[PDB]
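In terms of UniProt numbering, the sequence shown opens at residue 1 and continues consecutively.
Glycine included, C-beta positions come from ideal geometry on N, C-alpha and C.
Reading through the structure tokens given below for one structure.
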Amino acid sequence: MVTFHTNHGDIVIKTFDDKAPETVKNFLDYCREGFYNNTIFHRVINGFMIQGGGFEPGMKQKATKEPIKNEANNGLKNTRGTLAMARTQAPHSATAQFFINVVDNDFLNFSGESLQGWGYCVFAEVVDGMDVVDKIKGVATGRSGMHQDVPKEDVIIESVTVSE
């Protein structure tokens, strides 16, 4: 288990260690190294997802490790409350950024090992604090440089605690 301590409340998640082993290891290493301390949910789209783990306040992107393999061919679906890895168009490009699905986002799901099919790798699920996720997803947002859906007030991941 892992708890995001945000300035809107605690989000408790259970990792899917068997189904996305490299994603979960990559995630837990960032957690333990403090990488997510004082990052924000920088992209918030109600009825879609909330995305964070990349930027400090002022959209100062953090330096990351080399990207990880996409494990979305594990068959796990981007249903409400699941966590998945954000990434660019390249399927195996994900680094630290993740998002929480706030609806069932069936269109994000793996359908084939290809550009358009690879989809987004689910690696954990919220087990407590979906109320906090539902508060964050509804905050006011706006533009910030080349970025859209940036919360007008920072939604800050203050720190992460690991439970074993």
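Give the DSSP-derived three-state secondary structure of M59 in the structure shown.
Note: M59 maps to coil in three-state DSSP.
For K77, would you say it is in contact with chain C, using Cβ-to-Cβ distances shorter than 7 Å as the test?
Annotation note: the requested chain C is absent from the structure, which comprises a single protein chain.
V150 to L108, Cα distance in whole Å?
21 Å
Would you mind working out which of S163, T15, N38 sits nearest residue 244, comparing C-alpha positions?
Any answer about residue 244 is impossible in this case: the structure gives the chain only from 1 up to 164.
Which residue spans inside the stretch 15-80 form an unbroken alpha helix (DSSP H) run of at least 4?
21-32
Per DSSP, which residues does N101 bridge with? Please list them.
BP columns for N101 point to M49.
Taking all protein chains shown into account, decide if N101 is buried (16 or more other Cβ within 10 angstroms of its Cβ) or exposed.
Flag for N101 reads buried.
To the nearest whole angstrom, what separates the beta carbons of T161 and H5, a pair I think is in contact under 8 Å?
Between the beta-carbon of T161 and that of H5 there is about 7 Å, and that keeps the pair under the 8 Å contact cut.
Verify whether the separation of the beta carbon atoms of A86 and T64 is less than 7 Å.
no
Is residue 185 helix, strand or coil by DSSP?
A question about residue 185 goes unanswered here, because the residues of the chain that appear run from 1 up to 164.
Determine the closest residue to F41 out of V132, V24, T88, with distance taken between C-alpha atoms.
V132
Taking just the CA atoms, how far does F48 sit from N78?
Each residue's alpha carbon lies about 11 Å from the other.
Measuring CA to CA, which of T82, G58, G119 is closest to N70?
From the listed residues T82, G58, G119, the smallest Cα separation to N70 is found for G119.
Would you decide whether residue 203 is buried or exposed? Buried here means 16 or more other CB atoms lie within 10 Å of its CB.
The displayed coordinates of the chain run from 1 to 164. Any statement about residue 203 would go beyond what the structure contains.
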